[PDB]
Amino acid sequence: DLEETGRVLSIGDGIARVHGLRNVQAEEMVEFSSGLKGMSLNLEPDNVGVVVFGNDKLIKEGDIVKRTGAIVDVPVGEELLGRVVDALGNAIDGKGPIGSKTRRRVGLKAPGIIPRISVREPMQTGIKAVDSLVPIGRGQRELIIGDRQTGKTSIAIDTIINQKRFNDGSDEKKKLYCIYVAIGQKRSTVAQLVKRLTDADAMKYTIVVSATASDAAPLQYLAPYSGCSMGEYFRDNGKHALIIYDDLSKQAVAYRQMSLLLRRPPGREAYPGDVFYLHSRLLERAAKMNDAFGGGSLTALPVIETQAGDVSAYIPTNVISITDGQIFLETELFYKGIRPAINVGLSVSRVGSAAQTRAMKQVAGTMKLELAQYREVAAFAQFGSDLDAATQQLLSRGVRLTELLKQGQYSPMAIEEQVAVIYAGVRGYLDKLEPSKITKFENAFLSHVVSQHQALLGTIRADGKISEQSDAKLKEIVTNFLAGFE
Amino acid sequence: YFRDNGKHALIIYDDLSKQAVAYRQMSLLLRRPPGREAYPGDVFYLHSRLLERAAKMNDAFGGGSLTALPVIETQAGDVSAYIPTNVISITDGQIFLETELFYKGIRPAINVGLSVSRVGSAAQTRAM
Amino acid sequence: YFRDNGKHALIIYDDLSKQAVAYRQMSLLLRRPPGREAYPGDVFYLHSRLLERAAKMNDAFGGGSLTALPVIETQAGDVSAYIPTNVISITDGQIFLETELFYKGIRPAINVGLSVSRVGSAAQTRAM
Amino acid sequence: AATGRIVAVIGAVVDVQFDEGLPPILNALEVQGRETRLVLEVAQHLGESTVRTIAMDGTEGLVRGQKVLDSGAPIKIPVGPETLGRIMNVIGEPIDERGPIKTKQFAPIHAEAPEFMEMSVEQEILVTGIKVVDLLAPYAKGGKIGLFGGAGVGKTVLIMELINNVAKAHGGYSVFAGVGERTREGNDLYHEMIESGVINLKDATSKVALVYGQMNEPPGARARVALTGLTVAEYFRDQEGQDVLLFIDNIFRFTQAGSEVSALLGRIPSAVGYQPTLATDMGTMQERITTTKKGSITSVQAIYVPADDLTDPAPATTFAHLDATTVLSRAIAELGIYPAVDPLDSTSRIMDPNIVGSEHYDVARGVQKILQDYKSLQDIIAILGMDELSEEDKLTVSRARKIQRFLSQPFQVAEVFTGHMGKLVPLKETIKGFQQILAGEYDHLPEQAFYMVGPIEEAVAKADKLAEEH
Amino acid sequence: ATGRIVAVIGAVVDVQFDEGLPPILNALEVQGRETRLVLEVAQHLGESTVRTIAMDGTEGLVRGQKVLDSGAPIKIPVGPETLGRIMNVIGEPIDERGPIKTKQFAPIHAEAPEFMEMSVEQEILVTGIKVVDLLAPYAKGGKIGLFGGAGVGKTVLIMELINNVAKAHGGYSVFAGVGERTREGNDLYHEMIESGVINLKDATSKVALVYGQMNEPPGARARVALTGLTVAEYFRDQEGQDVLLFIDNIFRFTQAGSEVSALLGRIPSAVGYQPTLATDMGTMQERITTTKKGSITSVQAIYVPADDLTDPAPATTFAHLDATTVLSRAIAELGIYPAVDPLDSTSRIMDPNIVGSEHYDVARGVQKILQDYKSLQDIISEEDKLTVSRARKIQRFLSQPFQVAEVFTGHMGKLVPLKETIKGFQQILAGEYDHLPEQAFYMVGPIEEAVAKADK
Amino acid sequence: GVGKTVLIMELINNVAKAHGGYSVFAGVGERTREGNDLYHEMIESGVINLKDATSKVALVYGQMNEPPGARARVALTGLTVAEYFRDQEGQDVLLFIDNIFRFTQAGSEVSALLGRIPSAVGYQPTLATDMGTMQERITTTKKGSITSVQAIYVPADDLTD
Amino acid sequence: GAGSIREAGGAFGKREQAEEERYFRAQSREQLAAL
Amino acid sequence: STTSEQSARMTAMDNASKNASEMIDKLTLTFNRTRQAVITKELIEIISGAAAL
Ligand SMILES: Nc1ncnc2c1ncn2[C@@H]1O[C@H](COP(=O)(O)OP(=O)(O)OP(=O)(O)O)[C@@H](O)[C@H]1O
Ligand SMILES: Nc1ncnc2c1ncn2[C@@H]1O[C@H](COP(=O)(O)OP(=O)(O)O)[C@@H](O)[C@H]1O
Ligand SMILES: Nc1ncnc2c1ncn2[C@@H]1O[C@H](COP(=O)(O)OP(=O)(O)O)[C@@H](O)[C@H]1O
Ligand SMILES: [Mg+2]
Ligand SMILES: [Mg+2]
Ligand SMILES: [Mg+2]
């Protein structure tokens with residue numbers, strides 16, 4: 001055990017200027033004499049700038065720093081499912097060590113141009129608004145952006161809970177393993193989230209990487225890359241993963257702290273010059289591999305908190321430029337009763353219909369066109385009774401489809417029931433009903449179709465489309481329940 | 001001196017914006033790093049350690065008092081600027097003077113909707 | 001060379017906004033304190049020392065002249081920016097070219113209500 | 001232990017050179033040859049056996065070469081039931097002129113946050129007796145609350161009303177931490193706690209410990225006094241299993257204090273002029289204010305919002321550390337409605353139908369929705385006027401104004417500001433009254449009948465009196 | 001000459017040469033690496049040290065690691081063997097089809113053509129697209145800002161421009177994906193393979209792809225535009241062609257320059273941009289011009305930050321644009337393809353002294369009739385209906401079927417000459433076709449096809 | 001271009017012409033042709049008399065072609081002439097300064113080179129103290145009166161500069 | 001921007017407040033007298 | 001009288017919307033200028049604070 005070492009020249013704010021270590025590599029993991037870890041970020045002619053994976057009160061001037069000879073890596077594998085880990089993969093839920101066999105570097109490069117195939121398979125969230133108007137595909141990077149307390153973590157948690165129907169089935173092609181990286185959150189918030197995922201039985205296929213608010217800035221910086229490596233394990237082995245960075249604003253803040261303390265040249269909002277490089281090299285790793293590479297995929301759902309809805313800030317601009325679309329949430333829509341508070345006018349999915357089943361495509365094209373016309377003429381509400389019959393019909397259909405998109409928390413819907421509900425909506429079978437009942441109807445009708453009409457739902461789920469027999473049967477079911485509805 | 005000898009004093013700082021400017025010059029020339037608007041990091045301390053010395057003593061200390069009336073000049077009505085927010089968060093109430101009220105004939109141009117007295121009717125004669 | 005040898009020269013600077021940008025680049029690369037819009041402090045002197053050399057000499061010095069037509073490009077028609085107001089404070093009047101008049105077909109798109117010539121009116125021919 | 005010498009004094013920052021035995025970071029050093037006790041907290045090792053430190057008191061009269069002694073530990077404050085009814089400063093000295101604080105154990109003010117396996121998920125509503133809080137953003141037992149507001153919107157009055165109600169209804173050793181606030185308010189709270197019996201100068205059954213570092217303190221004291229109060233509350237939580245209340249006013253000052261030394265510690269400023277270490281400092285402080293499996297800490301923190309921004313890095317960073325934020329608005333205080341709680345900006349993580357019941361949740365959502373609709377209609381009202389509104393919309397505006405007034409409430413501590421009597425509305429009464437206003441059961445009563453009343457029966461009685469008068 | 005790494009800070013590397021310092025902008029190969037790591041020299045720091053920006057990741061670099069001076073700037077293979085391939089900023093093939101076997105290499109840093117090599121007269125680059133050729137033509141050697149992003153057929157327009165220039169003028173095209181998303185880069189590669197522009201089997205490819213992805217350090221994304229420009233410069237100077245150069249996005253070029261300048265420790269200018277913003281854009285854009293041998297015409301996708309045209313990046317780009325092509329979604333919803341907004345697309349050469357009095361008069365008449373039609377749509381007399389009818393016909397006639405879409409729609413691809421475009425719109429304006437139905441002008445080539453379609 | 005010079009020349013025409021005492025005009029960082037105009041206009045109006053000692057106006061000039069040091073000290077030169085006419089003769093002096101802002105501006109241009117940390121808007125940290133040191137000399141005493149008309153340029157029409 | 005006109009203050013927000021108060025003091029008068 | 005107020009009101013609201021759109025354009029120009037200036041001012045503050053070390 002003969003190791004190459006150096007002396008701590010100085011220590012402060014979690015940065016150790018270290019003498020010696022002549023052969024340390026850039027981004028190499030070193031170990032301090034107190035047992036703490038560090039990463040060599042600055043290789044300078046006379047010193048090395050080490051960022052400390054912990055509390056700097058244990059490091060003193062003169063302490064011995066050993067090399068490890070390895071870039072930072074994390075354990076990967078299926079042994080991590082159901083575990084809560086830190087940024088370095090150490091178990092923090094007290095359930096014993098992670099019995100993993102494989103380790104993967106956190107800073108590997110993304111797949112190139114050729115190993116990819118187009119994003120074509122749907123990633124079902126269970127939220128009607130997302131699955132119909134902002135469809136997400138496997139291999140996509142869809143941003144969840146919004147102000148504080150607007151319902152972003154709820155969208156991520158619904159997407160995680162929804163994959164239980166696929167992970168309990170036998171179709172191995174449709175199974176999605178979830179990963180929830182929590183950066184800069186309270187430990188009690190993460191405990192509430194873990195309890196919510198356990199109650200929904202969603203932990204057995206979920207990893208929770210936890211770099212919380214009291215963890216050092218390097219750990220919050222590194223947690224998204226650790227989670228991304230844990231998901232790349234599945235993406236490389238023919239399986240499909242989903243990863244939620246909650247959120248990337250806090251990782252940017254941690255990286256800015258590390259950079260400013262390392263005396264790196266600050267830029268706009270004091271962020272370093274390579275914060276775009278940071279988020280882009282994190283997000284380009286979510287890919288869809290072709291069959292020659294196993295056909296696996298990794299879907300990224302980064303989260304961004306905007307201040308007062310300012311999407312022209314630095315980090316929102318960067319991550320909006322990087323991703324393949326955005327799900328925008330509004331607090332005004334939240335308090336109007338529209339929940340999930342998705343802004344359909346601003347939300348976008350540049351993958352689009354290529355990430356939808358044919359049935360959802362059928363009903364969702366119509367729903368999108370109708371909601372667009374409604375948004376065009378929606379200012380004329382408060383005067384609707386004094387325009388054409390066409391304008392009043394646009395307003396009526398628009399509010400019906402709007403109430404059709406509201407959804408409860410922690411209750412993701414299967415794609416067949418979403419299609420049935422949107423069918424009842426965009427076919428006109430809710431125009432005679434008044435708005436204050438739509439939601440109620442949407443519930444009762446649902447129960448009906450779940451109880452006595454498993455054949456139609458199963459046939460839609462198996463076909464992926466609404467064939468003419470399916471169309472007619474849906475027609476009769478809807479009209480019968482509507483005629484017999486209170 | 002008066003406050004600690006059973007007497008009541010009243011002091012007016014006219015004004016603290018110019019003291020903050022003098023302190024900013026003095027600090028920038030000592031090569032101390034600049035903060036917001038080049039003001040030093042501890043300009044809030046500069047005004048708070050001063051305005052906290054205006055106090056009302058109990059009868060074991062003479063019962064004297066020192067009342068402070070700091071003055072702050074805002075630029076184009078920006079009470080959201082650094083020094084005005086500092087001194088607004090320090091004091092026990094503000095008398096807001098506005099130009100629109102000044103020219104409408106309201107003199108003294110006290111904006112009552114914005115003027116606060118955190119002491120209130122406790123500092124007032126019963127008839128008034 | 002012509003102004004000082006009894007002849008008359010005209011000179012167009014097309015344009016001084018780009019010279020100001022180049023000088024701001026040179027100043028920021030020399031690590032000099034940026035001011036408004038990150039321009040150096042002496043971005044006014046930059047243009048003033050240049051446009052002061054356009055002069056009319058009396059007959060004891062030859063009688064030659066040098067007429068200057070500095071060009072300035074505004075952004076969205078904002079002539080209250082930094083460099084536009086500098087050059088307005090330097091020159092003897094301006095010719096405002098408007099985009100609304102250019103798009104409507106009025107060409108030259110001179111805004112005759114805002115274009116002024118302070119010292120040229122005494123030079124107009126009698127018939128004009 | 002080890003002895004060094006002062007080599008530099010710049011503002012509240014002092015450099016000390018140790019020949020033997022460099023002290024770890026966060027140690028407390030005592031300056032030798034001073035009348036009062038001056039403590040320097042180590043912040044950086046500068047190399048060449050020199051440490052940079054932050055002064056806990058004034059640095060005037062310090063001389064280069066003056067002797068500095070290493071204590072071997074961080075600032076250790078006395079902890080125990082003897083601190084109840086006492087006032088201590090940042091370094092644990094008694095500042096109430098009542099003599100020393102003879103505890104039997106001392107705790108360092110720097111400790112590690114509780115682990116992840118020590119967290120408790122129990123969410124139980126804490127009824128405060130305030131209408132808007134309990135209705136729209138109710139507080140939970142053992143949760144972190146946070147009260148946001150600009151200068152003069154009512155953070156102190158609301159935190160004092162919460163003290164009054166809960167702490168006098170509580171049996172668990174409250175702890176108040178004045179962090180960079182007015183000393184006048186500290187004396188006021190001390191005496192209104194003595195006269196309330198919560199602090200007992202004899203027969204020591206006091207149930208509140210006070211920790212105070214006010215605006216006139218240096219940046220170091222104002223940055224560490226929150227940790228001192230936190231450590232008192234932490235002893236009460238861990239080593240006694242009690243359920244502690246932790247009031248902090250104001251927590252923004254903590255953050256601000258850091259800024260006032262940041263550049264003097266040699267750090268490039270971040271955005272809006274804040275220390276590059278803002279989020280992590282706030283994290284390591286706030287992650288210790290938490291309920292564990294060993295005890296419970298309900299914490300109410302007044303959070304100053306500079307210039308009514310709410311996007312400033314300090315409040316925006318604080319938002320993610322709280323369970324039930326109460327945001328006070330100046331636009332609401334200027335209407336005359338108190339408390340100035342913004343109904344469309346306050347939040348609670350227990351505003352969940354599976355927690356507060358479907359009736360509570362439905363009433364809260366209906367109130368918020370009608371207020372948002374009133375907001376949307378006010379534009380039409382500005383353009384068209386009121387007489388050209390639909391009748392459904394005139395009804396919406398009437399019920400919305402009535403709900404606005406009914407969210408107001410007279411406080412027991414504001415009896416001088418209003419002349420009114422204090423009202424403590426129970427939870428079921430709040431839900432019932434707001435349900436009845438939303439249902440239309442009081443369309444015939446005026447809107448000034450709901451201004452500054454308790455339960456809805458008081459609104460009815462006030463309307464009857466207002467009519468009987470004219 | 002061989003030096004050694006003395007400092008590694010992010011994507012900045014200080015390399016010390018004991019002898020023979022490399023000039024600024026030279027390429028240095030870091031030795032002992034699994035993959036090729038190139039460093040571009042940016043400063044001479046003194047004491048035989050140079051500061052360099054890295055073209056790839058710098059993880060695992062060791063102080064004292066050997067570095068080899070190449071004696072030239074980044075050199076890329078130029079020639080016809082680049083057509084149909086994908087290369088990165090350092091000229092490496094990234095399509096997994098083997099080495100790019102050319103006979104000549106060219107440095108990506110070259111000077112703009114001298115003042116005496118410039119073409120003294122402006123002329124039109126005929127694209128065969130009716131709305132472009134008529135209302136906002138492309139100057140041969142100019143810069144065209146392509147506005148409008150997703151869902152308006154920008155890729156179909158790019159491929160149609162490539163194909164039309166290859167067929168009509170006989171010139172090839174380069175596509176520089178600056179800051180390209182890897183997903184959309186793969187999508188575009190395969191869209192070009194399907195539409196026949198790229199051919200993986202024979203040597204009849206029409207475009208050379210140069211990709212610098214989003215996950216590459218700022219230096220790579222800053223120099224990828226110069227790499228594509230060097231390929232195009234070969235095709236112009238050595239083959240004597242009329243090259244097309246597509247740059248997507250140009251705002252990402254500006255952003256990469258900004259990040260590189262911030263990493264080198266330069267004081268940011270206004271709104272955070274590099275102090276050398278205008279000269280970066282200038283030394284890039286001045287190479288896209290008409291020489292006495294050929295020309296390079298550049299279509300550059302424009303992104304406007306915060307939708308503010310006075311932002312330094314758009315305002316610096318707009319100083320060089322000779323034309324503007326706005327793809328609008330409102331026009332695409334009307335089924336009109338290409339979705340070129342006919343009233344928002346502008347051109348500096350739309351001037352009777354350059355395009356001719358007849359072309360200019362026809363274009364101004366078309367623009368006026370479209371403005372009149374929208375003013376009439378505002379409220380909805382005797383001839384207002386006539387203008388409505390003629391403007392409907394003009395709208396329908398601006399649409400056109402593209403060759404690169406034949407495998408989707410089935411229709412044939414029309415490359416309309418300029419004279420035919422002028423004549424057709426002249427005749428429609430002069431009332432020669434008020435008897436044909438308005439649906440007879442939809443998706444046709446010349447006006448003869450419109451009358452033959454109305455015969456049905 | 002809003003009318004500072006037209007107004008100061010109208011004040012010279014209205015007040016300084018019929019004035020009893022002396023008058024000093026200091027051109028600080030303005031147009032040289034404006035100085036030529038003012039000189040020849042004061043000659044052709046008889047206020048400056050090139051043939052005897054009947055002149056009533058002194059003229060100091062450091063204009064916008066001068067380096068920043070001259071533009072920083074020329075206001076002080078004009079102040080000195082006016083101070084002599086006030087203290088040492090008890091006269092009632094008129095002091096016209098145009099433009100006084102240039103004084104401040106010139107300081108900025110040297111504050112960078114003097115090695116001082118910049119203040120807000122890139123201004124010298126000594127802006128207020130320099131301005132006060134200059135402006136307190138421009139005053140009325142009980143030994144003589146000075147009426148001072150100063151034109152103040154407002155950069156980019158920003159009145160909070 | 002639902003209450004944007006009265007959150008901005010100014011003439012259009014001060015007239016809205018006055019109109020609201022006028023209407024509802026009228027209604028509170030005609031509601032109290034009917035009690 | 002109707003057909004005279006229903007057209008005068010139409011014209012009045014048209015002119016009101018025109019004036020509102022003009023003011024919106026002017027205010028958008030001012031907003032863009034102000035936000036660019038704010039970004040630059042914050043950058044200069046950070047750079048000046050970093051250059052003093
Ligand atoms: N579809 C919904 N229906 C009802 N309530 C919801 C819904 N979605 C979210 N909420 C509620 O809105 C509140 C905020 O949602 P959430 O915490 O998930 O968003 P967030 O952006 O992650 O908040 P934070 O700022 O703390 O990160 C939660 O209390 C949640 O219960
Ligand atoms: N609940 C209230 N009732 C009546 N007046 C109040 C109330 N809250 C605040 N005020 C008024 O607003 C003023 C400011 O109160 P304060 O508690 O000091 O706010 P803050 O702590 O945010 O500075 C008080 O002096 C009081 O006049
Ligand atoms: N009193 C005035 N009457 C008419 N025009 C005026 C008047 N004042 C200014 N102007 C116009 O504004 C222009 C600017 O005048 P000037 O005083 O020289 O500008 P500055 O503010 O830079 O000193 C004048 O050339 C003139 O056209
Ligand atoms: Mg969340
Ligand atoms: Mg208070
Ligand atoms: Mg003038």
Side-chain angles (χ1 to χ4, degrees), chain B residues 48 88-94 116 118-119, chain C residues 44 48 79-80 84-96 111-122, chain D residues 147-163 176-186 188-189 214-215 247-253 300-306 328 333 339-340 413-414 417, chain F residues 1-14 25-35 37-38 61 63-64 96-102 105 149-157:
Chain B
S48 74
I88 278 176
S89 74
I90 294 167
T91 47
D92 294 339
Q94 326 89 33
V116 170
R118 268 186 191 75
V119 177
Chain C
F44 166 84
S48 76
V79 308
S80 278
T85 53
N86 285 351
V87 191
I88 286 169
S89 300
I90 296 165
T91 60
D92 297 331
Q94 62 268 1
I95 296 165
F96 284 102
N111 187 343
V112 301
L114 291 187
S115 298
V116 68
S117 188
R118 309 188 198 178
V119 305
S121 158
Chain D
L147 319 164
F148 294 87
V153 291
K155 294 189 302 287
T156 298
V157 175
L158 182 58
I159 208 163
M160 277 205 307
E161 172 78 10
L162 288 166
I163 281 168
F176 190 89
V179 183
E181 207 52 38
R182 304 174 177 76
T183 307
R184 166 198 70 107
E185 310 192 316
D188 272 357
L189 178 80
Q214 303 285 42
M215 278 171 191
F247 303 91
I248 297 180
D249 177 24
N250 201 275
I251 206 170
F252 165 80
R253 305 300 189 190
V300 190
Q301 299 164 14
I303 306 150
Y304 177 63
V305 170
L328 310 177
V413 310
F417 296 132
Chain F
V2 299
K4 288 184 303 292
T5 297
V6 177
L7 189 53
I8 207 161
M9 298 297 295
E10 188 63 29
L11 292 174
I12 288 183
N13 191 25
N14 289 6
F25 188 96
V28 185
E30 297 290 77
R31 305 180 177 88
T32 304
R33 61 92 176 168
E34 277 182 347
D37 282 355
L38 176 55
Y61 275 103
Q63 301 282 254
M64 53 173 62
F96 297 90
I97 301 194
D98 187 21
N99 207 277
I100 200 51
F101 163 82
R102 301 302 175 194
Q105 191 184 43
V149 178
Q150 300 158 56
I152 307 156
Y153 177 72
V154 168
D157 301 346

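Heavy atoms only: backbone and side chains are in, while hydrogens, waters and symmetry mates are out. As the structure lists them, so they are numbered: ligands from 1, and atoms in each ligand from 1. Below, chain A is the first sequence line, B the second, and so on; all start at residue 1.
- Here the closest non-hydrogen pair linking F:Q63 and F:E30 is CB-O, 3.1 Å.
- One finds the CG atom of D:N250 at 7.5 Å from the OG1 atom of D:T156 (value rounded to the nearest 0.5 Å).
- Using a 4.5 Å cut-off on side-chain heavy atoms (C-beta onward), C:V79 and C:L114 make no contact.
- Across all their heavy atoms, C:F44 and F:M64 have their closest contact at CZ-CE, 3.7 Å.
- The protein heavy-atom contact nearest to atom 18 (O) of ligand 3 is C:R118 NH1, 2.9 Å.
- In terms of polar-atom proximity, defined here as any N/O pair under 3.5 Å, F:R31 makes no such contact with ligand 3.
- Protein heavy atoms are found inside the 4.0 Å sphere centred on atom 9 (C) of ligand 3.
- Smallest separation of non-hydrogen atoms from C:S80 and F:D157: OG-OD2, 2.8 Å.
- Residues D:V300 and D:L147 have side chains in contact (heavy-atom distance under 4.5 Å, counting atoms from C-beta outward).
- Nearest to atom 13 (C) of ligand 3 among the protein's heavy atoms is F:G1 O, 4.1 Å.
- Distance from atom 7 (C) of ligand 3 to its nearest protein heavy atom, with residue and atom name: F:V6 CG1, 3.9 Å.
- With a 4.5 Å cut-off on side-chain heavy atoms, F:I12 and F:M9 count as touching.
- For the Mg ion (ligand 5), the count of nearby protein N/O/S atoms, taking only those under 2.8 Å, is 1.
- Of the protein's heavy atoms, C:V116 CG2, 3.5 Å lies nearest to atom 27 (O) of ligand 3.
- Looking at every heavy atom in both residues, D:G150 comes nearest to D:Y304 through C-CE1, 3.9 Å.
- Interface of F:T5 with ligand 3, defined as ligand atoms under 4.0 Å from a residue heavy atom, comprises 17 (O), 18 (O), 23 (O).
- Taking a distance limit of 4.0 Å, we find that atom 3 (N) of ligand 3 is approached by no protein heavy atom.
- Between D:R253 and B:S89, the closest side-chain pair of non-hydrogen atoms falls below 4.5 Å.
- Closest heavy-atom contact between B:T91 and D:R182: O-NH2, 2.6 Å.
- Taking a distance limit of 4.0 Å, we find that atom 21 (O) of ligand 3 is approached by some protein heavy atom.
- Ring geometry for F:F25 versus F:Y61: interplanar angle of 30 to 60°, hence tilted.
- By the criterion of a heavy-atom distance under 4.0 Å, both the backbone and the side chain of F:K4 are placed next to ligand 3.
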